[PDB]
Amino acid sequence: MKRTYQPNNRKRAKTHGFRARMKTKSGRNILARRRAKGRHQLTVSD
Amino acid sequence: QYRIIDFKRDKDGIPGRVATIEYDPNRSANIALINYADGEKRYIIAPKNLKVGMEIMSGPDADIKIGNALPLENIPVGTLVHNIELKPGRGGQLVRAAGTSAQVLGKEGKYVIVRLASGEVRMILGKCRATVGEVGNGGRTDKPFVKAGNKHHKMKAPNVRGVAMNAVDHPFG
RNA sequence: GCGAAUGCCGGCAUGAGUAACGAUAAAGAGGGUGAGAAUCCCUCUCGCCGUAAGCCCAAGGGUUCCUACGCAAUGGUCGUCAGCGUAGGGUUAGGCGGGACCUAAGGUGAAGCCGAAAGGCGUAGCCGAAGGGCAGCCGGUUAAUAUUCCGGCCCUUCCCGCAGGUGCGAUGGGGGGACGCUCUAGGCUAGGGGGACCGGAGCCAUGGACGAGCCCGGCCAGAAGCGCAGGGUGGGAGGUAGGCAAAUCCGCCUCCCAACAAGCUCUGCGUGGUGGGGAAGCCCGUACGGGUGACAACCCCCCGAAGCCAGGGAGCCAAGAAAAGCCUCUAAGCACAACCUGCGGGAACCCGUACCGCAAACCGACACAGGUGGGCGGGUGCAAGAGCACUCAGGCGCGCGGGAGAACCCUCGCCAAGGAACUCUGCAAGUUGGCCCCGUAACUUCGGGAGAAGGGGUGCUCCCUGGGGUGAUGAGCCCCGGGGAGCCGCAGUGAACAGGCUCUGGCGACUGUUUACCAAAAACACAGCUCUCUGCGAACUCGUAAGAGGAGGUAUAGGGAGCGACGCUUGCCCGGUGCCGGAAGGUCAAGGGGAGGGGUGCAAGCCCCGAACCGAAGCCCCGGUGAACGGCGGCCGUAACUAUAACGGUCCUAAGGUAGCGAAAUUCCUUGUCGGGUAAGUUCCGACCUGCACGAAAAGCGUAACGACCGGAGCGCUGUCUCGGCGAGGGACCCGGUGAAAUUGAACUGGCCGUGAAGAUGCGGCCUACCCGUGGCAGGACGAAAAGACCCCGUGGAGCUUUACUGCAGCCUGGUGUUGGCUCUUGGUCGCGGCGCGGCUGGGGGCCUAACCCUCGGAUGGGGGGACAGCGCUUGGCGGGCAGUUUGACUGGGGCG
RNA sequence: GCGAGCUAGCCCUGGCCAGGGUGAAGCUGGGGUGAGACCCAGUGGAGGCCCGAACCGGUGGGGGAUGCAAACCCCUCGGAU
RNA sequence: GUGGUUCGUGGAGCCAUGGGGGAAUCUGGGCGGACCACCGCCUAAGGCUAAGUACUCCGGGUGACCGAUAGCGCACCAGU
RNA sequence: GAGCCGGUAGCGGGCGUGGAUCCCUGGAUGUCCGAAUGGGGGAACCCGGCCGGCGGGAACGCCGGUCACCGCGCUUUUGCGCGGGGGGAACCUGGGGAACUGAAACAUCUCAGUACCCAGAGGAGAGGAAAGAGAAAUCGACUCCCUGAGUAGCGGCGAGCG
RNA sequence: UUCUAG
RNA sequence: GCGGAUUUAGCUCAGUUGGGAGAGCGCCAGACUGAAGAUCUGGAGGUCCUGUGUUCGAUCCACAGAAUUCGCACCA
């Protein structure tokens, strides 16, 4: 059926992961956004 | 086999021996390993002729010995060449398997005349070089891609076309 | 202050005890446990797999895995069962995988390069993998682990010591690891098969046979020593105009040994010696059986790989990735202590394992007949084969069971007699379907259209005969004819997997590719043609300037394009338009450059307006331009006993349709008129051709082969149809268990003929009219779904278009700047047709060159160009490439009018 | 700001197409001429080539329409170095 | 050639600058809105400077502010 | 000031007026990530020099401590010793910077220099002793509140801005 | 430039 | 059924102060020639559509109607 979910450790991870977000302006942005703003955890945390 | 190599001599007094027939797949040029004196080599131009049994070179000196190549300065008039040495040492300055090279059809001071292989005419410059001899491309033309599409087999873009499209898509398109 | 917003939120009824149990691969019986078992445990019949419904490696998910307790809810019924609850416990590695090694894409990225800032790029080096590389295997052992735990057998790297050895000693160099595809020799395990040849546990019941009889198995792994087997390279000297920046390495030339020689990396024997070994098996559960003791056996011939040796060999073209090891060596230290070796002792980590894993544990929100990558996949039969029917090992019976067999939908099976007429349509289905022999038409780009079309063969028995693997060849095996005789049934690819063919036409040649959830086509794609911009630092595409792309391409090339094999052939017009060329003349921006006026000024002055002339592209004007846009006439007369026409008369246009074709899918008058096909034929197919409106390049006529394309016809054959009529399995119906769903103001809702806002159960008159239900059948409740997509209306919105409006991007362009020298020159001007001079200032031609840029070619120097130009500022211009707005009202429907 | 574990692509790097059929370049031999063209016979094994599994697809009909499913099941079909 | 200013090209200045020319050191040099005379102001083209206004994460106070569908959405194993 | 081992009430055991529980403030520890900075990296993991005990090395040898990124000055010498950077609800200035919508269209205009993004200062920045303002020869830092004033005024002189 | 047959 | 234009001496066509009308090719007479024809020489000739209106007078200026050629008849 091929949905769109097949997760890929390697993938998903990579792609998304503390770092990256960081590395980025943007990413970083929202991130520290989320952080306070909301609490929670985060991607990679995932 | 997905690679390049040589294209412009500028170390001379060297012994030019016609390496061999390594007809080559990568630029319409068919070249053979050119064996130098020391032993250092080079898949060199494909300027047709100069039989296997190598036997050539060039030089600040001379030696029209078909193929081979020196500066404009050092070159006859009424001569057919390639290794299009445009600017001062810019190595090759044209004629790629483009057999019909250029013909020092008249030179002038630090300016030597050239029949624009491609399809026009003007002048180069001083030392500027270029090796005579033909090309090598056996009319590398024609040949049928029959009931299939050589193309594809191209590895060479089916970058296919269109023009009629349904849309209003791509540059001047 | 609330019915009331298809309102929000929450609960709660509906339909409704009807609809569903997630594949029609079925079950049934005996015992056992339990409060209670169609749904659990043992056992015995039976059905479904079997290329899976097999074990395996992964990725993903992470305790789901085991064991003892337990069922409240999740398990679409139960439930003592669980991949559910609580509790305990389970997965160990120098040699398996990941790192402690290597790089391509790509990502990072000190230096370097450009941005308003954030940022962009990016060398080397680093990150980056089932690509490279790397040192093991078989058995046992628990409730779970296992190449890790046991044990038996096989190794590797580092370290210290000594023993022996030799210029060791970088990673800098060189080989070097290193490879495409299609195909195939030689050899060998995996794997399979026959053995009545060896071992052993019992049998035969029945008619028969104790017999080469039935049933199990007769293997798995290994130090090197060792012969079948290949598999990769040659051996010395010297020159090294000297490279691979530095010398001995390898590269290149010369003379000798230049073999089936010797060399160094996998299979067989084996065999050290170990294990397994089923049928046991006295103690013991004689049964959730098996844990564990006879003896086993331990052998032969047969078939044989789609990747085992191996980096093979042969062919081919579109011509097949980079860093550990091996040898050369500088720095450099060893050179009685540096590296190679030998023996002996010493060292060896970090994190990964359970079980699921063509899946209820993975994605689809669910135990959803959806998808998900690699490994032999057991046999018997069919020409072969992971296709097929039955079954081996192992897996499972779909998680809802009984019971009737009505209509009715599903899936499937059958028919006489006719045999498409059913109908838009042979849509469906049915014919036909497999191998061998015979046999094959029009046409052809001679390849093909052929599997064409059309027959005939096939089963099991015995006879004599010929072949290739069988180490000679002598129980063994295979491809095979042969021809003769003969047996049986309706049938002899017996079942199962398996073209219906033909005749014709149109388009597009063809294999294709594409609109995921309607459409695979005449749509794009093409191999192939033609115009065509481009000389590199290209031209176009992204980009704010760097820069990448292009392309380490270089005119047999790179980009722009309209058609789209091949054949035949593409004619007529550049008045407008785009463009290419021209640039002498008109024009005209910024600007130079002065007449002259103006304001204030006691006055020198001090600000503006300023115009004659010089002045850019552009536009105007001349030409060239059609596989550039685009276009390619009208009526009157005339031989025509009747009709254009052979001719003739003309008015306008830039010429004014040519060759081929034609009621084509461009022809509405039309089912046009003639012909054929038929019992009639508005589809076809041929021919005319007054072509309502074909036409050569968005080609034109045709064209073999080719198409899940479209349309036309014939045989062959069948419930498609003349109505069918029977039947088989599945719901529907009755039982037990569970138990939704949109819509609905509310309601005990009959027909009539009339009516109302003009198509009423509810209003009037009337006629039939008991109360409820279940199996049904669709008509009305203007039924449900959705605040019509068709419509108009809001001076709503969003996308594409051009001579819409404006504006920007880019491009061309005058003067100005970091854009410096030297000379050759003509024009204006005012002053003193003129000439002499003079300040003024305008045009322009030259190598140079010190910026600039580029250039490189091995260093910073040379080289090329050079006052360019890049590039900054203002000028002007093109400019739908893009961005933003706009394009009225009326309207006895919107529009056109 | 967020995304190519959707999908269209493009770069890098592996894996994969059971069987069978058709029989062009070639090379071997023979063939009247000077050599040859060129013929034939053998070998030979190409092709986006044919017949077909897995695998890729998803026309043509059948079911399904509060489905098994927000595209699936059934018969059927094309591609098959 | 743009800015800001009330100034949307205007009779349109001051200050700030994108390009090009490129003055003066006290009778110097801008200014008082085109410009000019005279008067009047100011002295640039470098720098530091607490206090007076703004804001609630925090802690307190107070409520013609609420009461579990109101209040921050979240009164306590919620940005879960 | 005399009770306690936190919300846990429960089992099993215990500190305490020769000043416990806890309230304060200053401590010492502060494992791994995170600007991360020793090096690499899919955060919370895996790799390296110097010192280090010497440590079981029973008749045989390891963690701990440590340390070191890079841009900033500059005592330059061979460069030794100081600052930064990352945050942070709201608020501040600079850097850059828009359509809707109003004008009952819409190109001028408006929303605005707003919303957003960026950088950066602070606890407050902003700004700040005048080549200023205006004209009574009058006033004087900057800022902020009221007022001046919806005035003088800008303009398809329209909506508005002001 | 053209002007039938006998 | 609506909008534009046209209906002139046999035929194709020109004319906006409107006030007075042609062009090219036909047709009859005279020449050239034995003869026709092409070709030089002169003339004959029209409701400028049918019927009306403004105006001194218009066919050219205007309003209806028949015949003529062309466009429009599209959305469900």
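Virtual Cβ from ideal backbone geometry, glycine too; neighbours counted across all protein chains shown. Derivation of every value follows stated rules applied to the coordinates shown; laboratory data play no part.
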Legend entry - Integer Hz, Karplus 6.51/-1.76/1.60 couplings in order for segment A:39-46, x for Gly and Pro: 3, 6, 9, 2, 3, 2, 2, 9
Inset, instruction - Classify segment B:32-164 as rounded, prolate or oblate, taking a ≥ b ≥ c as the square roots of the eigenvalues of its Cα gyration tensor: rounded when a/c is under 1.5, otherwise prolate if a/b is larger than b/c and oblate if not. - result: oblate
Legend entry - Crossing angle, helix A:28-38 versus chain A [Cα axis fit, 0-90 degrees, rounded to tens]: 80
Inset, instruction - Run the quick spin-label model on A:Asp46 and B:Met155: label points 7 Å from Cα toward the beta carbon, then report their separation in nm to one decimal. - result: 4.3
Legend entry - B:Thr79/B:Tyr23 FRET efficiency (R0 25 Å; Cβ-Cβ; nearest 0.05): 0.45
Inset, instruction - Return B:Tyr36, B:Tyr23 ranked ascending by Cβ neighbour count within 10 Å, so the fewest neighbours appear first. - result: B:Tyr23, B:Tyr36
Inset, instruction - Step through the residues of segment B:64-79 one at a time and calculate ³J(HN,Hα) from phi using the Karplus curve (6.51 cos²θ - 1.76 cosθ + 1.60, θ = phi - 60°), rounding each to whole Hz and writing x for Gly and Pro. - result: 3, 2, 3, x, 6, 6, 9, x, 3, 2, 7, 6, x, 10, x, 9
Inset, instruction - Just grab the label-to-label distance for B:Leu105 and A:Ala36, each label 7 Å out from Cα along the Cβ direction, in nm (one decimal). - result: 7.8
Legend entry - Long-range amide H partners of B:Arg129 with built H, under 5 Å: B:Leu72, B:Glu85, B:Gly89
Inset, instruction - For A:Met1 paired with B:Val146, estimate the spin-label separation in nm (one decimal), with each label point 7 Å from Cα along the Cα-to-Cβ line. - result: 4.9
Legend entry - Computed [θ] at 222 nm, helices only, for the protein assembly as shown once each DSSP H run of length n ≥ 4 contributes -39500 (n - 2.57): -2000 deg cm²/dmol
Inset, instruction - Could you line up B:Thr141, B:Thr100 from fewest to most neighbouring Cβ atoms inside 10 Å? - result: B:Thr141, B:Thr100
Legend entry - Whichever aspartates and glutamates have a C-alpha closer than 13 Å to that of B:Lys48, once near sequence neighbours (fewer than 8 apart) are set aside: B:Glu22, B:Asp24, B:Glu134
Inset, instruction - Taking the Cβ of each residue in B:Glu120, B:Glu55, B:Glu134 as the centre, tally the other Cβ atoms inside 10 Å and list the residues starting with the fewest. - result: B:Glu120, B:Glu55, B:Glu134
Legend entry - Nonlocal amide H pairs with B:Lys107, under 5 Å, H built at 1.01 Å: B:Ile113
Inset, instruction - With θ set to phi - 60°, apply the Karplus curve 6.51 cos²θ - 1.76 cosθ + 1.60 along segment B:120-134 and write out the HN-Hα couplings as whole Hz, x wherever there is a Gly or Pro. - result: 6, 6, 5, 10, 9, 7, x, 2, 2, 9, 2, 9, 4, x, 6
